[PDB]
RNA sequence: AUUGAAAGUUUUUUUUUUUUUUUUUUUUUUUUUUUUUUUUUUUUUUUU
């Protein structure tokens with residue numbers, strides 16, 4: 002079930018990728034925004050903002066993940082996949098490319114005085130705000146509670162940082178096919194309506 | 001059902017301080033309010 006999600010950053014969004022040829026203190030990924038960044042950020046938001054009636058490992062160590070999975074549910078961990086049990090649950094791909102770029106710099110003001118610290122000046126590469134990013138979340142499994150959890154994940158992504166504490170506003174450009182596919186629930190309809198438009202008009 | 005897997009390149013840092021668009025520069029120098037015009041004409045200090 003495809004989910005055509007369009008996200009537009011509300012600030013000077015940026016991520017650090019890398020390049021052998023680079024000079025900016027804060028690099029950028031050559032392709033743009035990778036699916037891994039989105040997936041990890043969404044998982045973090047879900048764990049920190051966990052909807053009622055769900056379980057989250059909230060662990061980085063795979064051994065700790067296994068220890069949490071000793072009981073063995075971790076609804077969030079099931080949605081994002083066991084380390085070595087399930088092949089997968091959902092996929093993220095980004096098609097749009099060719100973002101805008103500009104080099105800015107930042108300082109660190111002294112505390113005792115109000116002047117900039119001598120030698121605390123570093124630069125940062127950013128993506129210009131109000132730039133649209135479209136990515137599709139292909140959920141291949143067959144489960145409604147996990148699908149609702151994924152929708153809650155996307156919704157919570159709105160109230161969450163994405164790269165250098167940069168605010169974002171997620172928008173879903175498909176409600177008709179989502180309702181047509183399966184489980185056009187009233188709660189599902191309400192959350193999809195909430196995600197249908199930007200939080201900030 | 002890929003040899004096979006699951007991890008946000010993330011956190012954290014105010015491009016800030018020092019500096020009066022300031023001093024000097026007189027809206028003055030010149031030009032007669034003069035110029036032609038008669039306070040003039042008419043009238044008996046006086047009658048029954």
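In the authors' numbering, the protein residues as written are 2 to 202. For every residue, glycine included, the Cβ atom is placed at its ideal position computed from N, Cα and C.
| message | I'd like to check one pair, residue 98 with residue 32: are the Cβ atoms closer than 8 Å? | response | yes
| Segment contact flag, the segment 67–74 with the segment 158–170, C-beta cutoff 8 Å, min 3 pairs | no
| said: Nearest by alpha-carbon distance to residue 29: which of 15, 200 and 36 is it? | reply: 15
| query | Which of helix, strand or coil does DSSP assign to residue 20? | reply | coil
| Per DSSP, cross-strand counterpart(s) of residue 8 | 134 and 171
| Does the beta-carbon distance from residue 154 to residue 43 come in below 8 Å? | yes
| In whole angstroms, what is the alpha-carbon distance linking residue 100 and residue 127? | 10 Å
| request: Tell me where the beta strand (DSSP E) around residue 95 begins and ends. | output: 91–95
| Got a sec, what are the start and stop residues for the alpha helix (DSSP H) residue 83 sits in? | No alpha helix (DSSP H) holds residue 83; DSSP gives it neither H nor E.
| field | residue 198 (DSSP reduced to helix, strand or coil) | value | coil
| message | Which complete alpha helix (DSSP H) runs does the segment 39–124 hold, if anything under 4 residues is left out? | response | 63–69 and 76–81
| request: Could you please give the first and the last residue of the uninterrupted alpha helix (DSSP H) stretch that includes residue 146? | output: 145–159
| message | In the DSSP assignment, the alpha helix (DSSP H) including residue 182 goes from what residue to what residue? | response | 177–182
| said: Rounding to the nearest angstrom, what Cα-Cα distance links residue 184 and residue 79 in this structure? | reply: 20 Å
| query | Below 8 Å between beta carbons: does that hold for residue 40 and residue 105? | reply | no
| said: What does the alpha-carbon distance come out to for the pair residue 6 and residue 22? | reply: 33 Å
| task | Please name the residue, chosen from 134, 171 and 125, that lies closest to residue 160 on a Cα-to-Cα basis. | result | 171
| query | Is the beta carbon of residue 85 less than 8 Å from the beta carbon of residue 56? | reply | no
| query | Using a Cβ-Cβ cut-off of 8 Å (strictly less than) and excluding sequence neighbours within five positions of residue 201, which residues of its own chain qualify? | reply | 11 and 170
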